[PDB]
Amino acid sequence: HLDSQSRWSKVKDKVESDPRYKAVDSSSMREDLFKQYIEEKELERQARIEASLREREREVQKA
Amino acid sequence: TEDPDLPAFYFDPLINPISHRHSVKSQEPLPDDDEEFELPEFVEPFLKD
């Protein structure tokens, strides 16, 4: 149960033994992935429609 | 529209917004001991599908 408050030190102390973490051959890459993760499709389609709506809105609002 | 992701019908930001509410419908206040209008069972908008 990791969130923005969670640190990579506890992830290293509780997820290191997992073979999935062993697939990442770089510790810096693992830390960057943890930071990215700390900060099902049709609704995603509606999300892209919303994205188009907001980009059109910002463009027209600036003009 | 230069974006197919936009719906074919949508309130464009270029179109100016429409103003606030006004409704003059002064129907008779019904003394409500009655059953009102009801459509038939197989009645639906023309192109619901």
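Residues numbered from 1 in each chain as written, not as in the entry; some residues may be left out. Chains lettered and ligands numbered in written order. Part of a larger assembly, values for the part shown. Heavy atoms only, no water. Residues with missing side-chain atoms left out of burial classes, pairs and counts.

What the deposited record gives as its method is cryo-EM, and the resolution it gives is 3.1 Å.

Asks: Account for the overall build of chain A, naming residues and giving values.
Replies: The helix and strand inventory of chain A stands at four helices and zero strands. Counting from the amino terminus, chain A carries its helices and strands in the arrangement α-α-α-α. In terms of overall dimensions, chain A is more spread out than a globule: its C-alpha atoms have a radius of gyration of 19 Å, far above the 11 Å expected for 63 residues. Projecting the C-alpha coordinates of chain A onto the three principal axes gives extents of approximately 50 × 25 × 25 Å. (Helix = DSSP H or I, 4+ residues; strand = E, 2+ residues; numbered from the N terminus. Rg over C-alpha atoms; globule rule 2.2 N^0.38 Å.)

Asks: Before we move on, can you summarise the overall build of chain B with the specific residues and values?
Replies: A count of helical and extended segments in chain B gives zero helices and zero strands. The C-alpha extent of chain B, read off along each of the three principal axes, is 55 × 35 × 10 Å. Only carbon and sulfur atoms are counted for the fraction: they give 55% of the accessible area of chain B, which is about 5900 Å². (Areas by Shrake-Rupley, 256 points an atom, 1.4 Å probe, with all protein chains shown as cover.)

Asks: If you had to explain the interface of chain B and chain A to someone new, which residues and values would you point to?
Replies: Every contact between the two is made by eight residues of chain B and, on the other side, nine residues of chain A. Here the side of chain B that touches chain A is composed, by residue class, of five nonpolar, no polar and three charged. (Contact = heavy atoms within 4.5 Å. Nonpolar A, V, L, I, M, F, W, Y, C, P; charged D, E, K, R; others polar.)

Asks: If you had to explain the pattern of salt bridges to someone new, which residues and values would you point to?
Replies: Opposite charge on two side chains makes pairing possible when the charged atoms of those side chains draw close. Measuring nitrogen to oxygen at the nearest pair gives 3.6 Å for the salt bridge that ties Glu 44 of chain A to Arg 48 of chain A. Placement of both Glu 44 of chain A and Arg 48 of chain A in helix 4 (residues 42-62) is noted, with a separation of four residues, approximately one turn of the helix. A salt bridge links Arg 56 of chain A to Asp 12 of chain B; the shortest N-O distance between them is 2.6 Å. (Salt bridge = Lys/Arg side-chain N within 4 Å of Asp/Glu carboxyl O.)

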